[PDB]
Amino acid sequence: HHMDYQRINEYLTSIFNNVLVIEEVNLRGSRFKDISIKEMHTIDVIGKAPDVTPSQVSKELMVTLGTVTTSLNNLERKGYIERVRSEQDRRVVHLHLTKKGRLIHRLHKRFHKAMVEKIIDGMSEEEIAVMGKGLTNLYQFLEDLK
Amino acid sequence: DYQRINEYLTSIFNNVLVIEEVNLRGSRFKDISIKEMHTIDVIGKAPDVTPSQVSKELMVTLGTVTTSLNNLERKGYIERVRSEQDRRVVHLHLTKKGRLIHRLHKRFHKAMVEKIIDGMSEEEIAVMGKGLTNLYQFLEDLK
DNA sequence: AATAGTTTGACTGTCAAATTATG
DNA sequence: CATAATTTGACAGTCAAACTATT
Ligand SMILES: CCCCCCCCCCCCC
Ligand SMILES: CCCCCCCCCCCCC
């Protein structure tokens with residue numbers, strides 16, 4: 001039997017209203033207290049893709065380049081990232097995480113890992129495989145709606 | 001693999017916000033953010049909710065709520081009414097316009113969710129339901 | 001002393017527009 | 001002229017702390 005729509009709606013509403021606040025609260029209680037969840041997203045892009053450029057971070061985060069530049073200025077000032085001028089094209093900037101950046105990037109991954117482990121709690125390996133297919137299908141449905 | 005589950009969850013979450021934003025900005029209510037829609041929905045679902053209860057539900061400070069409520073009240077979506085039993089207390093209620101957008105928003109969400117469920121296999125729905133429950137509980141356990 | 005709500009000052013996140021340098 | 005980035009201007013949204021009013 002399907003879940004009641006009322007319960008579905010209730011769960012989705014809690015999740016969408018609170019998930020970014022809960023993630024921010026977890027970072028603010030960490031040993032690094034000067035990084036917001038939005039800055040953590042910028043850190044995340046750079047950590048996964050060393051030498052990425054501001055333009056690529058912009059496309060990946062779906063905000064304008066001015067917005068990315070401001071965030072990078074705060075993050076460089078606070079010691080989490082370094083900007084490096086390209087030697088091929090002198091218009092281009094390559095970004096990479098400082099050691100401090102790598103440390104907090106790791107910490108944000110433990111959170112994501114705890115979340116996925118709770119998501120699959122009680123599921124068998126075949127249910128997990130089905131859940132994987134469910135997510136790609138839900139993802140694909142939403143992609144086609146924009 | 002946990003990292004790619006995470007990649008899908010983030011893209012899904014991000015797509016949902018994009019789709020909500022486009023539907024809002026394409027509507028006849030062009031002065032309402034996604035966050036204000038959330039506040040309207042809290043008040044619509046619980047008539048006479050107080051600012052403190054809104055603050056608890058959305059997990060923002062009360063001052064942030066007051067500011068938002070001033071904006072929504074100015075723009076014609078909500079009304080504040082002082083409690084007759086305790087005059088420190090404010091009860092919130094949607095205006096006619098607030099009920100209209102609330103009703104249109106609930107319909108939009110229901111249709112979309114039903115459409116999504118319609119395209120899934122019985123086994124997908126069983127397990128997506130269990131993951132939704134678990135995700136809800138993960139967050140609820142951190143509050 | 002306590003509680004519910006508001007106001008205030010500062011800062012982030014965000015986009016558009018104007019700007020600097022480079023191709 | 002196009003591209004990559006930055007800076008500026010102008011707004012929401014947010015928090016912490018101070019304040020007001022009421023119990
Ligand atoms: C508002 C659109 C996002 C909703 C997608 C989530 C749907 C969850 C369905 C779970 C099925 C449980 C029965
Ligand atoms: C920050 C991303 C986590 C929130 C993702 C919510 C998406 C809702 C999909 C529900 C299905 C879960 C199995």
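Below, each value reflects all heavy atoms present in this structure, side chains not excepted, and no hydrogens, waters or symmetry copies. First the proteins, then the strands, lettered A, B, ... as listed; each starts at 1.
One atom, CZ of B:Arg87, and another, P of C:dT6, lie 13 Å apart when rounded to the nearest Å. Taking atom CD of residue B:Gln85 and atom P of nucleotide C:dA4, one finds them 14 Å apart after rounding to whole Å. A:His94 places its NE2 atom 11 Å from the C1' atom of D:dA4, with the value rounded to the nearest Å. Rounded to a whole Å, the CD atom of B:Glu84 is 11 Å from the P atom of D:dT23. Rounded to whole Å, atom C1' of D:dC15 lies 16 Å from atom CG of A:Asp34.
Nucleotides of DNA chain D nearest to B:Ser33 and A:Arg85 differ in position, and the one nearer the 5' end is that of A:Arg85. Projected onto DNA chain C by closest heavy-atom contact, A:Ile37 and B:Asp86 fall at different nucleotides, the more 5' of which corresponds to B:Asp86.
For B:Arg88 and C:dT3, a side-chain-to-base donor-acceptor distance below 3.5 Å is present, hydrogens and geometry of angles not being considered.
A positive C1'-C2'-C3'-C4' dihedral is found for the sugar of D:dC11, placing it in the north range. In this entry D:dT14 carries a north-puckered sugar, per its positive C1'-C2'-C3'-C4' angle. For C:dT14, the torsion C1'-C2'-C3'-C4' is above zero, which places the sugar in the north, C3'-endo range.
Defined by atom type and a distance below 3.5 Å, a donor-acceptor pair is missing between the side-chain atoms of B:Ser121 and B:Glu123. The closest side-chain donor-acceptor pair between A:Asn18 and B:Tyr136, if any, does not fall under 3.5 angstrom. A donor-acceptor contact closer than 3.5 angstrom links the side chains of A:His2 and B:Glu122. No side-chain N or O of A:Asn74 forms a donor-acceptor pair with one of A:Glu39 less than 3.5 Å apart.
Of the residues in residues 52-75 of chain B, those placing a heavy atom less than 4.0 Å from an atom of DNA chain C are B:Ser52, B:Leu62, B:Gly63, B:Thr66, B:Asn70, in numerical order. Near DNA chain D, meaning a heavy atom under 4.0 Å away, there are no residues from residues 14-24 of chain A.
Note: B:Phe138 and A:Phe111 meet the aromatic proximity criterion, with ring centroids under 6.0 Å apart.
Side-chain proximity of A:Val93 to C:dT14, C:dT6, D:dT6: nearest is D:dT6.
For B:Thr50, no side-chain nitrogen or oxygen approaches OP1 or OP2 of C:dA4 to under 4.0 Å.
A salt bridge links B:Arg4 and B:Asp1; the closest N-O separation between the charged side-chain nitrogens and carboxylate oxygens is under 4.0 Å. Between B:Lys143 and B:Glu140 there is a salt bridge, since a side-chain N of the basic residue sits under 4.0 Å from a carboxylate O of the acidic one. No salt bridge links B:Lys45 with B:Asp41; every basic N to acidic carboxylate O contact stays at or beyond 4.0 Å.
Counting any heavy atom pair closer than 4.0 Å across all strands shown, A:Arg28 reaches no nucleic acid atom.
Here the options are A:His108, A:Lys109, A:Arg110, the test is side chain to side chain donor-acceptor pair (under 3.5 Å), and the partner is A:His112; only A:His108 passes.
Using a 90° window around 0 for the glycosidic torsion, D:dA10 falls outside it and is classed as anti.
Nucleotide D:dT8 is matched to C:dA16 when pairs are restricted to Watson-Crick or G-U wobble geometry with both distances under 3.5 angstrom.
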In sequence, state the C-alpha distance, the side-chain angles, and the governing distance for B:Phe29 and B:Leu104, and then conclude on side chain to side chain contact (heavy atoms under 4.5 Å, CB included). CA-CA 11 Å; B:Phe29 314 99; B:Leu104 293 172; 3.7 Å; yes
